[PDB]
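Understanding the architecture of this molecule
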Amino acid sequence: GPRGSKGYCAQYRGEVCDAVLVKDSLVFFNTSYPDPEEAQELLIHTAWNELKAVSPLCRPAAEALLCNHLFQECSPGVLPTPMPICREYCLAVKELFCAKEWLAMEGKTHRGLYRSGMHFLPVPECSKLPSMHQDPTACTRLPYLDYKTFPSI
Amino acid sequence: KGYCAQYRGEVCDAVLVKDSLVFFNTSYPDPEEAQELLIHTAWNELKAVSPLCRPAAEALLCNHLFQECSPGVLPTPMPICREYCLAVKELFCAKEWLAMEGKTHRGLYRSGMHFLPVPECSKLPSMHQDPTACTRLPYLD
Ligand SMILES: *[C@@H]1O[C@H](CO)[C@@H](O[C@@H]2O[C@H](CO)[C@@H](O)[C@H](O)[C@H]2NC(C)=O)[C@H](O)[C@H]1NC(C)=O
Ligand SMILES: *[C@@H]1O[C@H](CO)[C@@H](O[C@@H]2O[C@H](CO)[C@@H](O)[C@H](O)[C@H]2NC(C)=O)[C@H](O)[C@H]1NC(C)=O
């Protein structure tokens, strides 16, 4: 895939995010970091282990969000260009699936980010993300979540 | 302004580069105790950060406070490689780093303890520039 000054696009080679990421898709690896494929994989491992603490509703949504956010699909082009999470995807997880662990813990983060549910996790700030309805191709949408009760919109 | 020797402390054993010598700043009357005390004080805040950040943050703090010395009989303290600094501050500790750094810096200032702050990562050299010119944190290898 495309390579450039700040990173490159390549197929995912790990096992944690295997079921979430599109099989043949290219994802962005950030060469600001050393051996980014290894570093990103070590991070997602540790992130997923922390998600054993969250509710059964929240878990698959947060897992998918962390995967789509830490391994961002590359949009077509000659440059390596990561697609951010759609705002609606972010807000869904924040306000619906993980409401108790994320939205509710806002303003209670003074007790410690690690002691505040989910706020220590490398999740994006949903306000700073583009919309599904501004350009549905410019961001990653909420994928199929495997649950094996539900928030309503 | 100091000497290079084997790390003789308790905190940073697994965290420093294997079989390397590290830098002791002789601006302190007891550099090995003073630098040991700095990482001890840092651990008060390390306690409080998540296991996503904690091992990365410790690696950075230990290797910063106990700089790896270059090879040779007149060795020099190496900087941390830019990439490793960025991975720690902005990947592994993306949410928690600045708050932990604020708290650690201020606890040191309150105590009247002399210290160097972790550098701005962008001011550091790349690992690709010259692999022998900067420290690669063992946590990330
Ligand atoms: C690749 O990594 C770099 C370094 O961490 C990122 O640049 C930082 O972006 C954050 C936003 O999360 C800013 O707050 C920092 O000021 C930036 N740091 C530097 C040194 O520029 C960059 O965003 C990453 N690229 C992608 C596409 O995620
Ligand atoms: C050895 O330690 C001393 C004291 O902590 C360092 O001196 C400080 O250096 C910074 C440079 O940014 C200055 O802002 C301070 O004024 C200095 N403090 C004092 C009281 O002298 C010195 O840089 C260290 N040397 C090395 C090579 O690490």
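Under the annotation held in the PDB entry, chain B carries the name Muscle, skeletal receptor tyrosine protein kinase and is attributed to Rattus norvegicus. The title assigned to this entry in its PDB record is "Crystal Structure of the Frizzled-like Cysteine-rich Domain of MuSK".

By the naming in the PDB entry, chain A is Muscle, skeletal receptor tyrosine protein kinase, taken from Rattus norvegicus.

1. Observations regarding the state of the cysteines
Note: disulfide means a covalent bond formed between the sulfur atoms of two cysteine side chains. All names here are of chain A. In this structure the tally under the stated criterion is 10 disulfides over all chains. Bridging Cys9 to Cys74, the disulfide has an S-S length of 2.0 Å. Here the disulfide of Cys9 and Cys74 is left-handed, its torsion about the S-S bond being about -90°. On the criterion of sequence distance, the pair formed by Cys9 in strand β1 (residues 7-11) and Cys74 in the loop between α2 (58-70) and α3 (87-97) is long-range, its members being 65 residues apart. Take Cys9: its relative accessible area is 2%, and that puts it in the buried class.

2. Some remarks on the packing of aromatic side chains
If you walk through the whole model with that rule in mind, you get 10 aromatic pairs over all chains. Ring geometry for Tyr114 of chain A against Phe120 of chain A: centres 5.1 Å apart, planes inclined by 85°, an arrangement best described as edge-to-face. On the accessibility criterion, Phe120 of chain A (5% relative accessible area) is buried. On the basis of an interplanar angle of 75° and a centroid distance of 5.6 Å, the ring pair of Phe92 of chain B and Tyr139 of chain B is categorised as edge-to-face. Here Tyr139 of chain B lies in the segment after α4 (97-111) and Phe92 of chain B lies in helix α3 (residues 82-92), a separation of 47 residues in the sequence. Every member of this aromatic cluster is reached through a ring pair, and the members are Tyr8, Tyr12, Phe29 and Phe71 of chain A.

3. Points about the site of ligand 1
Around ligand 1, the neighbouring residues are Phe28, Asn30, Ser32, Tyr33 and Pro82 of chain A together with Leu86 and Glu90 of chain B. The environment of ligand 1 is shared, with nearby residues belonging to chains A and B. Contact between ligand 1 and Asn30 of chain A: an oxygen atom at 2.4 Å from a side-chain N or O atom of the residue. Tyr33 of chain A has a polar side-chain atom sitting 2.8 Å from an oxygen atom of ligand 1. Burial of ligand 1 by the protein amounts to 39% of the accessible area it has alone, namely 590 Å². Elements supplying a minimum of two residues to the shell around ligand 1: β2 (26-30) of chain A together with α3 of chain B.

4. Some remarks on the pairing of strand β2 (residues 22-25) of chain B
Residue and element names in this part refer to chain B. Where burial is concerned, the two faces of β2 agree: the one with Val22 and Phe24 and the one with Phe23 and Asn25 are both buried. Of the pairings in the sheet, the one linking strand β1 (residues 2-5) to β2 comprises 4 bridges and is antiparallel in character. Counted as the bridge partner of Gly2 is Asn25 from β2.

5. Let's talk about the pattern of salt bridges
Residue and element names in this part refer to chain A. What the rule picks out here adds up to 3 salt bridges over all chains. Where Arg13 meets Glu37, a salt bridge forms, and the shortest distance between an N and an O atom there is 2.8 Å. Here the residue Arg13 occupies a position in the loop between β1 and β2, and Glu37 occupies one in helix α1 (residues 36-50), the gap between them amounting to 24 residues. For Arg13, a relative accessible area of 67% gives the class exposed. Since its relative accessible area comes to 16%, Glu37 is described here as buried.

Parameters and conventions
- Residues numbered from 1 in each chain as written, not as in the entry; some residues may be left out.
- Chains lettered and ligands numbered in written order.
- Heavy atoms only, no water.
- Residues with missing side-chain atoms left out of burial classes, pairs and counts.
- Disulfide = S-S within 2.5 Å.
- Helix = DSSP H or I, 4+ residues; strand = E, 2+ residues; numbered from the N terminus.
- Buried < 20%, exposed > 50% of the residue type's maximum accessible area, 1.4 Å probe, protein only.
- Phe/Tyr/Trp six-rings, centres within 6.5 Å; stacked < 30°, edge-to-face > 60°.
- Near = heavy atom within 4 Å.
- Polar contact = N/O pair within 3.5 Å; in protein donor to acceptor, adjacent residues only side chain to side chain.
- Areas by Shrake-Rupley, 256 points an atom, 1.4 Å probe, with all protein chains shown as cover.
- Pairing = 2+ DSSP bridges.
- Salt bridge = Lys/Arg side-chain N within 4 Å of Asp/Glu carboxyl O.

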